[PDB]
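Notes to accompany the following structure.
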Amino acid sequence: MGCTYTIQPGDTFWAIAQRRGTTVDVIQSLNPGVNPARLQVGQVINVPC
């Protein structure tokens with residue numbers, strides 16, 4: 001099912017968006033139940049492929 005990514009130390013939706021070639025609003029839409037200010041290292045999120 002699409003692609004997944006594990007939150008690493010220092011990650012933010014902005015930084016993840018930039019690596020994946022997208023925007024924060026798309027990362028949020030793929031992870032609608034995730035608070036971007038409450039990430040934990042080791043959490044698994046959905047990302048574009």
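So you can find residues: chains in the structure tokens are A, B, ... in the order shown, residues in each start at 1, and ligands are numbered from 1 in order.
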Discussion item. Which residues are near residue A:24? Cut-off 7 Å, only C-alpha atoms, ignore same chain within fewer than 4 positions. Put them as an MDAnalysis selection string.
Written reply: chainID A and resid 13:14 17 28
How about saving the chosen residues, N, CA and C atoms kept, as an mmCIF file, in the first residue's frame?
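Written file, result01.cif:
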```
data_model
loop_
_atom_site.group_PDB
_atom_site.id
_atom_site.type_symbol
_atom_site.label_atom_id
_atom_site.label_comp_id
_atom_site.auth_asym_id
_atom_site.auth_seq_id
_atom_site.Cartn_x
_atom_site.Cartn_y
_atom_site.Cartn_z
ATOM 1 N N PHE A 13 7.585 17.396 9.186
ATOM 2 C CA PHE A 13 6.846 17.241 7.917
ATOM 3 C C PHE A 13 7.485 18.097 6.799
ATOM 4 N N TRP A 14 7.976 19.282 7.124
ATOM 5 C CA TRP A 14 8.604 20.090 6.072
ATOM 6 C C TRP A 14 9.783 19.326 5.487
ATOM 7 N N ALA A 17 8.599 16.278 3.478
ATOM 8 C CA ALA A 17 7.969 16.774 2.235
ATOM 9 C C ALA A 17 9.059 17.100 1.222
ATOM 10 N N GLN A 28 0.480 15.949 5.420
ATOM 11 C CA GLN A 28 -0.602 15.929 6.355
ATOM 12 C C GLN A 28 -1.798 15.144 5.832
#
```
Discussion item. When DSSP is applied to the backbone of this structure, which of chain A are assigned helix (DSSP H, G or I)? Write them out as number ranges by chain.
Written reply: A: 13-20, 24-30
Would you mind exporting N, CA, C and O atoms of the selected residues as a PDB file, in the first residue's frame?
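New file selection.pdb:
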```
ATOM      1  N   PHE A  13       7.585  17.396   9.186  1.00  0.00           N
ATOM      2  CA  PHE A  13       6.846  17.241   7.917  1.00  0.00           C
ATOM      3  C   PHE A  13       7.485  18.097   6.799  1.00  0.00           C
ATOM      4  O   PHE A  13       7.492  17.622   5.670  1.00  0.00           O
ATOM      5  N   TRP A  14       7.976  19.282   7.124  1.00  0.00           N
ATOM      6  CA  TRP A  14       8.604  20.090   6.072  1.00  0.00           C
ATOM      7  C   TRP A  14       9.783  19.326   5.487  1.00  0.00           C
ATOM      8  O   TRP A  14       9.917  19.262   4.241  1.00  0.00           O
ATOM      9  N   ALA A  15      10.683  18.813   6.308  1.00  0.00           N
ATOM     10  CA  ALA A  15      11.865  18.166   5.796  1.00  0.00           C
ATOM     11  C   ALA A  15      11.513  16.890   5.021  1.00  0.00           C
ATOM     12  O   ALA A  15      12.141  16.555   4.004  1.00  0.00           O
ATOM     13  N   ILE A  16      10.538  16.153   5.496  1.00  0.00           N
ATOM     14  CA  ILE A  16      10.092  14.955   4.847  1.00  0.00           C
ATOM     15  C   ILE A  16       9.427  15.292   3.489  1.00  0.00           C
ATOM     16  O   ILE A  16       9.734  14.630   2.464  1.00  0.00           O
ATOM     17  N   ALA A  17       8.599  16.278   3.478  1.00  0.00           N
ATOM     18  CA  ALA A  17       7.969  16.774   2.235  1.00  0.00           C
ATOM     19  C   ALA A  17       9.059  17.100   1.222  1.00  0.00           C
ATOM     20  O   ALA A  17       8.986  16.732   0.013  1.00  0.00           O
ATOM     21  N   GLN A  18      10.049  17.875   1.650  1.00  0.00           N
ATOM     22  CA  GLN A  18      11.072  18.271   0.720  1.00  0.00           C
ATOM     23  C   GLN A  18      11.822  17.049   0.171  1.00  0.00           C
ATOM     24  O   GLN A  18      12.063  16.988  -1.078  1.00  0.00           O
ATOM     25  N   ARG A  19      12.171  16.083   0.967  1.00  0.00           N
ATOM     26  CA  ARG A  19      12.838  14.895   0.438  1.00  0.00           C
ATOM     27  C   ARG A  19      12.010  14.122  -0.524  1.00  0.00           C
ATOM     28  O   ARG A  19      12.517  13.538  -1.477  1.00  0.00           O
ATOM     29  N   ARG A  20      10.708  14.046  -0.240  1.00  0.00           N
ATOM     30  CA  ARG A  20       9.761  13.216  -1.053  1.00  0.00           C
ATOM     31  C   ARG A  20       9.196  13.969  -2.267  1.00  0.00           C
ATOM     32  O   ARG A  20       8.353  13.409  -2.980  1.00  0.00           O
ATOM     33  N   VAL A  24       4.033  20.059   2.720  1.00  0.00           N
ATOM     34  CA  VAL A  24       3.523  19.695   4.059  1.00  0.00           C
ATOM     35  C   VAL A  24       2.055  19.366   3.982  1.00  0.00           C
ATOM     36  O   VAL A  24       1.601  18.422   4.648  1.00  0.00           O
ATOM     37  N   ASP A  25       1.282  20.076   3.183  1.00  0.00           N
ATOM     38  CA  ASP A  25      -0.142  19.774   3.167  1.00  0.00           C
ATOM     39  C   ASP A  25      -0.431  18.388   2.608  1.00  0.00           C
ATOM     40  O   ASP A  25      -1.352  17.756   3.060  1.00  0.00           O
ATOM     41  N   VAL A  26       0.396  17.922   1.677  1.00  0.00           N
ATOM     42  CA  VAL A  26       0.240  16.555   1.202  1.00  0.00           C
ATOM     43  C   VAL A  26       0.677  15.553   2.253  1.00  0.00           C
ATOM     44  O   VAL A  26      -0.030  14.554   2.477  1.00  0.00           O
ATOM     45  N   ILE A  27       1.787  15.783   2.944  1.00  0.00           N
ATOM     46  CA  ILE A  27       2.161  14.878   4.010  1.00  0.00           C
ATOM     47  C   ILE A  27       1.054  14.810   5.070  1.00  0.00           C
ATOM     48  O   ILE A  27       0.702  13.738   5.563  1.00  0.00           O
ATOM     49  N   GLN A  28       0.480  15.949   5.420  1.00  0.00           N
ATOM     50  CA  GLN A  28      -0.602  15.929   6.355  1.00  0.00           C
ATOM     51  C   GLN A  28      -1.798  15.144   5.832  1.00  0.00           C
ATOM     52  O   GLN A  28      -2.425  14.371   6.586  1.00  0.00           O
ATOM     53  N   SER A  29      -2.135  15.308   4.568  1.00  0.00           N
ATOM     54  CA  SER A  29      -3.280  14.590   4.000  1.00  0.00           C
ATOM     55  C   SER A  29      -3.086  13.105   3.965  1.00  0.00           C
ATOM     56  O   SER A  29      -4.087  12.350   4.075  1.00  0.00           O
ATOM     57  N   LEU A  30      -1.848  12.648   3.794  1.00  0.00           N
ATOM     58  CA  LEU A  30      -1.550  11.236   3.845  1.00  0.00           C
ATOM     59  C   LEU A  30      -1.526  10.712   5.265  1.00  0.00           C
ATOM     60  O   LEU A  30      -1.556   9.461   5.473  1.00  0.00           O
TER      61      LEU A  30
END
```
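A straight line drawn from atom CA of residue A:21 to atom CA of residue A:48 is 8.2 Å long.
Counting from atom CA of residue A:32, the distance to atom CA of residue A:44 is 13.1 Å.
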